[PDB]
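One line per chain: the protein sequences are A, f, Y, M, P and E, in this order. Position one of the first sequence corresponds to residue 39 (the entry's author numbering), numbered consecutively onward. Position one of the second sequence corresponds to residue 5 (the entry's author numbering), numbered consecutively onward. Position one of the third sequence corresponds to residue 57 (the entry's author numbering), numbered consecutively onward. Position one of the fourth sequence corresponds to residue 51 (the entry's author numbering), numbered consecutively onward. Position one of the fifth sequence corresponds to residue 3 (the entry's author numbering), numbered consecutively onward. Position one of the sixth sequence corresponds to residue 26 (the entry's author numbering), numbered consecutively onward. Please read the structure below before turning to the comments.
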Amino acid sequence: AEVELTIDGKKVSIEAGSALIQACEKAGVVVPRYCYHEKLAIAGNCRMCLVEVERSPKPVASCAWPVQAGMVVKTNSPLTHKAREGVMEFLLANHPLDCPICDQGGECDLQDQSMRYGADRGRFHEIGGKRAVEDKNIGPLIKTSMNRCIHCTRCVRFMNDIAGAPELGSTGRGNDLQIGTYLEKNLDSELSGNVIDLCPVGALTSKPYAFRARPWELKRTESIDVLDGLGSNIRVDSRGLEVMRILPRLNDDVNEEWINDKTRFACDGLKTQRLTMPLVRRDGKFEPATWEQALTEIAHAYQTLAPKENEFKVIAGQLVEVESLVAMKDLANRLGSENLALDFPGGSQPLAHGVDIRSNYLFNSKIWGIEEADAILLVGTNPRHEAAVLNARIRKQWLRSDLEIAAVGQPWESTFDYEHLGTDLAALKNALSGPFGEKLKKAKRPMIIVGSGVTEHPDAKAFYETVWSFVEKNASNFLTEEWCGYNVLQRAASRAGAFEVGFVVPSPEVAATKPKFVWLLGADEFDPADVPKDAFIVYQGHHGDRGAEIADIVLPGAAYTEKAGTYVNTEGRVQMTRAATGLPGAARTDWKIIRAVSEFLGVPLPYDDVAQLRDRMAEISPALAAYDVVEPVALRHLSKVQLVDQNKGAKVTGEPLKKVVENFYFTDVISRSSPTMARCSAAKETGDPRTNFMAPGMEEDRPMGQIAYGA
Amino acid sequence: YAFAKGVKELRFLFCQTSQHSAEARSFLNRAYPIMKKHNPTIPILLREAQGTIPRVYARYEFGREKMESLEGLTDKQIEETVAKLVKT
Amino acid sequence: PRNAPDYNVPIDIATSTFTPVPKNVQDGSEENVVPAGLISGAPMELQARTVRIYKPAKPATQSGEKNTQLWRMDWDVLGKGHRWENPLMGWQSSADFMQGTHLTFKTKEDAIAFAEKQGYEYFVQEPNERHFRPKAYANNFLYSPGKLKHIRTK
Amino acid sequence: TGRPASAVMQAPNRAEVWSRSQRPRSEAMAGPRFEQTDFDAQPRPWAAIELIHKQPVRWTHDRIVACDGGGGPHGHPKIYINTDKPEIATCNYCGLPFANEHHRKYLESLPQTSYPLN
Amino acid sequence: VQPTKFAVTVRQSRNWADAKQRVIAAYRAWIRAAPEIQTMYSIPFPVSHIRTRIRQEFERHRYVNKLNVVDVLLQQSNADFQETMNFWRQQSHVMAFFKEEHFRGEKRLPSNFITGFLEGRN
Amino acid sequence: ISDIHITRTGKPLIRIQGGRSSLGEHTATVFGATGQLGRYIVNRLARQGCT
Ligand SMILES: NC(=O)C1=CN([C@@H]2O[C@H](COP(=O)(O)OP(=O)(O)OC[C@H]3O[C@@H](n4cnc5c(N)ncnc54)[C@H](OP(=O)(O)O)[C@@H]3O)[C@@H](O)[C@H]2O)C=CC1
Ligand SMILES: *P(=O)(O)OCC(C)(C)[C@H](O)C(=O)NCCC(=O)NCCSC(=O)CCCCCCCCCCCCC
Ligand code: SF4
Ligand code: SF4
Ligand code: FES
Ligand SMILES: [Zn+2]
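Shown next, in the form of structure tokens:
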């Protein structure tokens with residue numbers, strides 16, 4: 039229940055069983071802290087939160103002090119003042135005078151709280167000197183300047199509890215206590231870059247963002263991660279026309295102060311192989327062209343072909359925003375084509391789940407639903423690779439509750455214990471009626487997560503009716519008023535948005551027609567069978583990759599960092615990206631490339647301001663007008679007609695469920711262009727702990743150095 | 005009974021719990037599963053949002069689209085209105 | 057006509073090749089709002105560009121929340137004219153006269169009132185807040201009757 | 051451009067760039083502005099990176115050594131360098147080399163070394 | 003006009019009959035003055051172009067239905083009139099009110115979608 | 026008027042069309058620029074960001 043208490047006179051209403059520092063926050067009182075983090079276990083090591091409590095002879099650590107029904111807390115008494123100066127004097131006695139060479143400079147909690155709660159000068163002048171410690175090699179991404187360690191334990195707590203990667207520790211004793219693996223090892227965790235943000239000081243910094251910028255010079259934009267389907271909320275820090283770093287911003291509904299390594303380091307892949315001008319393939323060589331006469335040769339080729347119904351095909355890639363889907367949907371429709379394919383294999387045929395009910399393809403018990411999950415069945419998903427931050431949230435619930443996890447699919451290296459039931463569809467039918475099924479039947483708030491990797495499995499029609507028929511058999515537990523145990527997990531930020539606007543192949547008939555013309559709209563992971571060789575290929579994108587290699591025209595669009603695109607995450611939340619920079623070269627906004635080629639093909643799409651194109655999106659799906667919120671699905675029971683009724687006679691073949699992510703580091707074109715992910719893969723493969731693995735710096739075998747980064 | 009050939013996609017826009025959408029919500033809970041059994045080659049998208057005045061959108065070839073509202077209409081009256089949109 | 061860009065707005069002295077085409081220019085007739093953008097002496101471009109009203113998120117890098125306490129109104133970056141490279145010194149040149157200007161407001165409705173008074177287009181972003189959860193030092197040492205499934209290391 | 055050696059060689063002491071985002075002088079001093087120009091009059095300082103690696107190692111018997119830059123209050127903020135790895139430790143501010151006397155045997159056995167070592 | 007030749011003490015319109023009387027007297031003075039503005043500032047335009055362009059600047063605020071907004075729009079006019087009739091504005095300020103003496107000219111926004119797309123937003 | 030110019034030799038120019046601080050990206054040599062005509066060709070290129 040609620041206890042009541044006074045802090046600096048003022049009554050605060052905090053739940054019983056919480057710490058005092060939590061009530062000080064709720065009461066509007068700033069309490070200095072270093073070790074305590076809202077999302078990490080309580081540690082009382084720093085001693086910077088020492089407050090004065092009535093009926094207590096010593097200062098108490100507020101972070102670890104539970105709130106009681108009647109206590110009095112003075113946070114500004116002379117007891118508190120001399121406590122904070124004394125700790126700030128100890129925290130700075132052995133601290134290296136490395137603020138000009140430190141990357142944490144200008145954004146350091148040790149600096150700010152020294153200015154606010156410390157003394158103005160220091161009393162440490164020992165002829166014997168300060169402590170000094172050697173540096174530690176803990177993989178390519180993290181640079182270590184360990185003299186700066188203040189021993190908060192925030193990273194050992196994060197790596198051991200949130201990341202499930204217990205290789206970081208604390209060896210030694212007393213003043214000679216040190217943070218790092220005793221034997222040099224490469225921190226192997228797709229969440230390991232969060233340690234850099236968690237560090238109060240710059241003892242853990244990022245090797246890519248080594249000495250390039252100062253925090254004060256960065257323009258900060260609150261945008262969305264599109265490198266995965268979860269839609270993680272981020273901050274894009276840029277100095278002029280170059281993105282410097284990508285940080286995590288709080289959103290407890292999605293990502294909770296955490297981002298994965300791909301979404302943090304792939305931004306160096308935004309300045310390396312960019313398409314900056316229109317290209318035409320002439321005599322087998324890509325020639326530069328203007329817009330007026332690359333859009334012309336689009337039209338001339340289209341007139342020459344004179345395609346019939348559905349002979350004009352579009353394939354939408356995995357970084358494509360909803361605005362350009364709706365625009366390309368229209369221009370496709372005015373050309374007599376409903377051939378609206380998607381990048382993944384099986385995406386040029388209709389999907390086993392429909393798109394008629396929104397609940398068919400969404401993560402229906404929202405991401406926040408895991409916080410109360412009791413039993414979870416994972417089907418066709420290695421969530422550590424497909425949805426990293428989501429995987430962590432599963433472990434957080436597992437570590438604190440009686441959560442049972444079972445998986446059907448390919449075994450993976452998991453940060454939580456899970457039962458393996460099998461790899462094929464029979465091993466799902468045998469599980470869902472086996473011992474683990476009664477766990478789903480008995481446990482309240484059950485959760486079945488179906489990976490988007492089964493949608494591309496040949497047996498998905500059988501897989502999807504197997505799952506939902508169990509859900510429909512087991513309602514009032516799976517299908518209560520506020521709960522839905524059916525959840526489909528996207529791994530690309532474009533899939534839920536395409537499904538929302540109906541950007542899919544409608545019928546098997548349109549699927550079998552050979553196209554004479556393919557618009558690869560940011561599509562680069564297309565299966566070769568889905569593009570006929572002799573067709574006319576337009577590639578619209580931002581990075582030169584497989585798609586541009588085969589194109590007949592290349593049209594440069596915008597990356598997600600210089601457009602305000604609409605994206606829908608796997609839970610159905612409609613979020614908006616904010617442009618942090620402008621367009622490079624002659625690139626153009628993606629929806630505008632579609633709208634212009636409407637003039638050149640003679641069917642101009644009506645809207646010609648993006649405000650108008652958002653009014654059109656509202657007609658297709660009104661949820662797309664609601665921002666930063668999930669709109670609940672009303673007819674959630676109507677989902678049986680696609681999942682079970684239209685999936686009744688399924689030609690099961692027995693092929694096992696396949697892995698979808700061969701390389702977590704190389705998933706998209708932004709990632710594959712990134713030098714940092716190049717080093718992350720190479721270090722992973724060869725197990726190299728050296729920070730300067732393919733980077734500037736002196737080595738045993740490089741006395742002279744090296745200017746290559748990423749090679 | 006199917007939809008007339010030349011119809012490409014039906015789109016019902018309504019609200020999850022508004023009173024203005026209960027009649028539309030009643031229609032689809034009794035209509036859509038039969039509407040999908042007859043012709044599975046057509047998408048029939050049900051898209052809702054808080055405070056969505058009920059609407060229906062019928063698309064045909066070349067991207068021609070018709071919108072008839074549904075406010076005030078009873079459960080019965082909807083069926084003829086959709087029939088007008090899907091019969092030729 | 058329903059978000060149609062008025063391509064025939066009369067430009068002014070400060071209109072450039074980077075000025076977007078506006079949809080609505082304060083006529084001076086709209087009810088309950090002062091047409092301050094009409095009498096401000098500002099260019100028409102202020103009425104074409106969108107501003108974002110939001111509460112800045114706390115840095116991931118540090119635990120101070122002083123900058124999250126006030127609403128900021130800033131102008132959105134455009135696809136051309138925000139930054140280009142100077143051919144001579146490599147400096148970054150700009151055409152965006154609003155690039156370094158931001159406004160601070162105590163409440164969301166104070167920012168909305170100012171935006172409508174000046175004729176700005178505005179997108180409001182609702183703050184992301186935490187979910188309270190009681191945290192207890194004592195849990196670090198809770199007893200496991202069964203398998204440990206975690207080796208807490210301080 | 052091109053014909054004079056000063057227009058071609060990045061510094062008098064060094065011929066190549068020493069960072070990945072450094073512009074070569076060959077590309078920086080191409081174009082119309084560098085026509086009708088004396089390239090031997092152009093500012094061309096000696097590269098610091100070559101000079102710092104010509105510095106002999108300070109051998110020391112201590113685990114932690116103090117570097118202030120060598121000029122009292124005319125140096126850099128005083129810091130402390132740990133010399134416990136079998137490598138040469140370098141001051142972050144000035145670059146001077148330090149090495150513990152315990153690693154002299156190992157260091158003298160390496161074929162190529164980042165500092166003269168004697 | 004005590005301190006300066008065309009000075010008018012700042013007055014607040016009493017009502018719409020008064021406010022419209024002042025607007026018409028402001029417009030009358032400006033279009034009367036157009037020959038005098040065209041010789042002093044050596045404007046290479048017909049007096050008719052000057053008068054039709056003066057009309058546009060009143061035509062912009064024809065739909066203002068606020069009395070507090072009209073007075074500031076009237077004070078701005080009176081002050082502009084004073085600095086033009088006294089030779090205080092330079093020819094550069096005056097013939098910069100005509101938005102065709104830009105080297106890009108009157109055509110400075112893109113005409114429609116496609117022409118602004120092929121030129122990169124103009 | 027276009028933002029892209031492919032020169033007769035084949036190299037592409039990506040111009041930003043503004044005024045003095047802009048990027049015309051055309052490099053020009055005007056022989057006979059100090060007479061009465063040359064000051065008009067010079068001023069027209071230079072004031073739009075060209076060398
Ligand atoms: N303006 C007219 O009425 C007409 C002119 N033209 C031609 O157009 C061109 C430009 O006209 P305009 O500007 O009036 O010409 P100007 O006579 O005003 O200027 C001619 C230019 O040529 C340069 N020049 C002349 N002789 C030499 C020389 N022997 N060596 C080097 N530079 C030299 C001058 O430099 P400097 O000042 O140092 O001599 C000057 O920059 C000329 O060829 C002119 O004959 C054609 C038809 C009509
Ligand atoms: P009729 O009854 O149809 O219209 C009469 C009016 C216009 C009064 C309307 O009935 C009316 O009520 N409209 C609203 C009131 C109004 O017009 N408010 C504004 C009046 S002041 C004004 O418009 C000033 C305009 C600019 C003044 C300067 C013009 C010339 C400057 C440049 C000259 C050339 C270079 C030197
Ligand atoms: S961590 Fe903070 S206090 Fe320490 S050197 Fe870096 S900026 Fe200075
Ligand atoms: S390395 Fe950083 S986060 Fe880890 S204990 Fe030291 S100061 Fe704390
Ligand atoms: S904040 Fe409680 S001791 Fe660090
Ligand atoms: Zn030094």
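Where is the CB? At the ideal position from N, CA and C, for every residue including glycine.
Task: Residues near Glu-563 (chain A) by beta carbon distance below 6 Å, same chain, minus five either side - done: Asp-381
TODO: State yes or no: is the C-beta of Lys-257 (chain A) within less than 9 Å of the C-beta of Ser-227 (chain A)?
DONE: no
Open item on the list: When you measure from the CB of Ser-79 (chain P) to every non-hydrogen atom of ligand 2, does any distance come out below 8 Å?
Closed with: yes
Open item on the list: Can you tell me whether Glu-657 (chain A) is helix, strand or coil according to DSSP?
Closed with: helix
Open item on the list: According to DSSP, is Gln-174 (chain Y) part of a helix, a strand, or is it coil?
Closed with: helix
TODO: Would you identify the three-state DSSP class for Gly-122 (chain M), choosing helix, strand or coil?
DONE: helix
Task: Continuous alpha helix (DSSP H) assignments of at least 4 residues falling wholly in the stretch 90-130 of chain Y - done: 92-95
- [ ] Could you tell me the distance, in whole angstroms, from the CA atom of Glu-503 (chain A) to the CA atom of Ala-625 (chain A)?
- [x] 44 Å
Task: Residues near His-158 (chain Y) in its chain [Cβ-Cβ closer than 6 Å; skip 5 each side] - done: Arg-128, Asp-130
Task: Cβ distance (whole Å) where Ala-61 (chain A) is taken to contact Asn-196 (chain Y) below 8 Å - done: Incorrect: roughly 20 Å between the Cβ atoms, too far for contact.
TODO: Count the C-beta pairs between the stretch 303-316 of chain A and the stretch 434-449 of chain A that are closer than 8 Å, then say yes if the count reaches three, no if not.
DONE: no
TODO: Assuming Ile-176 (chain A) contacts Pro-727 (chain A) (C-beta within less than 8 Å), just tell me the rounded distance between them.
DONE: 6 Å
Open item on the list: Here's the rule I'm using: 16 or more other beta-carbon atoms within 10 Å means buried, otherwise exposed. How should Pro-388 (chain A) be labelled?
Closed with: buried
Open item on the list: Only counting the same chain, and skipping five residues up and downstream in sequence, which positions put a Cβ closer than 6 Å to that of residue 37 (chain A)?
Closed with: Coverage of chain A is limited to positions 39 through 749, which leaves residue 37 (chain A) absent and any answer about it impossible.
Open item on the list: Using 9 Å as the threshold, is the C-beta distance between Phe-303 (chain A) and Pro-246 (chain A) below it?
Closed with: yes
- [ ] Round the Cβ separation of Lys-91 (chain f) and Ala-8 (chain f) to the nearest angstrom and send it over; I've been treating them as touching at under 8 Å.
- [x] 5 Å
Open item on the list: Nearest by alpha-carbon distance to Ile-109 (chain Y): which of Y:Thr-73, Y:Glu-182, Y:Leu-94, Y:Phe-188 is it?
Closed with: Y:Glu-182
Open item on the list: Going by DSSP in three states, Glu-85 (chain M) sits in which element: helix, strand or coil?
Closed with: coil
Task: Limits of the alpha helix (DSSP H) - the one that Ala-116 (chain M) falls within - done: Note, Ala-116 (chain M): premise wrong, no alpha helix (DSSP H); beta strand (DSSP E) at 114-117.
- [ ] Return the chain-ordered list of same chain residues with a C-beta closer than 8 Å to the C-beta of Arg-33 (chain E), the five sequence neighbours on each side being excluded.
- [x] none
Open item on the list: Strictly below 9 Å CB to CB, what residues from chain E border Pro-326 (chain A)?
Closed with: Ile-29, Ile-31, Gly-35, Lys-36, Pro-37
Open item on the list: Using a 10 Å radius around the Cβ and a threshold of 16 neighbouring Cβ atoms, would you call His-581 (chain A) buried or exposed?
Closed with: buried
- [ ] Please list the partners that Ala-21 (chain P) has in chain Y, where partner means a Cβ-to-Cβ separation under 8 Å.
- [x] Ordered by position in chain Y, no residue passes the 8 Å Cβ test against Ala-21 (chain P), which lies about 13 Å from the chain.
Task: Chain-ordered chain A contacts of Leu-111 (chain P) [CB-CB under 7 Å] - done: The contacting residues do not exist; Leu-111 (chain P) stays about 13 Å from chain A at best.
Open item on the list: Counting only beta-carbon separations shorter than 9 Å, does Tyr-61 (chain f) have a partner in chain A?
Closed with: yes
- [ ] Please check if any C-beta of chain Y sits within less than 9 Å of the C-beta of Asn-88 (chain P).
- [x] no
Open item on the list: Distance check for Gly-74 (chain E) and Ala-62 (chain f), CA to CA, integer angstroms please.
Closed with: 53 Å
- [ ] Starting from the C-beta of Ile-234 (chain A), find all residues in its chain whose C-beta is less than 7 Å away, skip the five residues before and the five after it, and write them out in chain order.
- [x] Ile-180, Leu-242, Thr-243, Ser-244
Open item on the list: Please enumerate, following chain order, all residues with a beta carbon closer than 6 Å to at least one heavy atom belonging to ligand 6.
Closed with: M:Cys-117, M:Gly-119, M:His-126, M:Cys-141, M:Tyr-143, M:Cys-144, M:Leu-146
Open item on the list: Tell me the rounded alpha-carbon separation between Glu-123 (chain A) and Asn-232 (chain A).
Closed with: 30 Å
Open item on the list: Going by DSSP in three states, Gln-148 (chain Y) sits in which element: helix, strand or coil?
Closed with: strand
- [ ] Note down, in chain order, every chain E residue with its Cβ under 8 Å from the Cβ of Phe-115 (chain P).
- [x] Correct list: empty, because the minimum Cβ distance to chain E is about 16 Å.
- [ ] Give the range of the alpha helix (DSSP H) segment to which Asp-299 (chain A) is assigned.
- [x] 299-303
Task: Whole runs of the alpha helix (DSSP H) within the stretch 613-696 of chain A, excluding any shorter than 4 residues - done: 628-638, 648-658
TODO: Using only the heavy atoms of ligand 1, determine whether one of them is closer than 8 Å to the beta carbon of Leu-70 (chain E).
DONE: no
- [ ] Please state whether DSSP places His-423 (chain A) in a helix, a strand or coil.
- [x] helix
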